[PDB]
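All Cβ positions, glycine included, derive from the backbone under ideal geometry; neighbour counts span all protein chains shown. Where a number appears in this text, it was derived from the coordinates with a stated rule and is not lab data.
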There are 2 protein chains.
Amino acid sequence: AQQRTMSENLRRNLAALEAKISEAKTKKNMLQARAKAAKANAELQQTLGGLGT
Amino acid sequence: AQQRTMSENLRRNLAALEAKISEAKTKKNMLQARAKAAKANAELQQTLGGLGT
């Protein structure tokens, strides 16, 4: 019975791990694009502002 | 939806950048001619004035 219990616990932990995996999969595709959009906005602001030369 | 939003933002920033590009294009052609007209006026004044020799 306790063997079955440990098996159930490990199954649930596996499910949680896979859920976090899916989270990271969903975050990766768009965070990089947003990072690049931020750099483009920074370039635009640098070209617009008169800060420095 | 947020992906679309970022796309719209980047499009508008592109438009702004191109507008500033057109501004510089319009300024360049005539600022140099005015710079040379100023030098010619300076030469005329130097030949006219009795400052120095």
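Do any residues in segment B:19-30 that are at negative phi have Cβ atoms under 9 Å from those of residues that are surrounded by 10 or more Cβ atoms within 10 Å (Cβ to Cβ) and assigned to a helix (DSSP H, G or I), where the two are at least six apart or on different chains, and which pairs are they?
Matching pairs, first to second residue: B:20/A:44; B:20/A:47; B:20/A:48.
Given the options A:53, A:5, A:47, A:26, name the one that is among the hydroxyl-bearing types (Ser, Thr, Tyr) and closer than 23 Å to residue B:1 by Cα.
A:26
For the structure I just gave you, tell me whether residue A:15 is assigned to a helix (DSSP H, G or I), without any contact (Cβ under 8 Å) to a residue 12 or more places away in the chain and within 30 Å of residue B:7 (Cβ to Cβ).
no
Which residue is nearest to residue A:34 (Cα to Cα), if the candidates are limited to segment B:1-14 and must be surrounded by 10 or more Cβ atoms within 10 Å (Cβ to Cβ) and hydrophobic (A, V, I, L, M, F, W, C)?
Looking at residues that are surrounded by 10 or more Cβ atoms within 10 Å (Cβ to Cβ) and hydrophobic (A, V, I, L, M, F, W, C), I get B:6.
Just to be sure I understand, how many residues within segment B:23-49 are of a type in the set (S, T, N, Q), surrounded by 10 or more Cβ atoms within 10 Å (Cβ to Cβ) and within 25 Å of residue A:48 (Cβ to Cβ)?
2
Got a number for residues in segment A:29-53 being β-branched (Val, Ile, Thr) and more than 12 Å from chain B (Cβ to nearest Cβ)?
So the count comes out to 1.
Is there a residue in segment A:11-28 that is within 14 Å of chain B (Cβ to nearest Cβ) and either in contact with a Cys (Cβ under 6 Å, 6 or more places away or on another chain) or among the polar types (S, T, N, Q) (or both)?
Yes, there is a match, as at least one residue in segment A:11-28 is within 14 Å of chain B (Cβ to nearest Cβ) and either in contact with a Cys (Cβ under 6 Å, 6 or more places away or on another chain) or among the polar types (S, T, N, Q) (or both).
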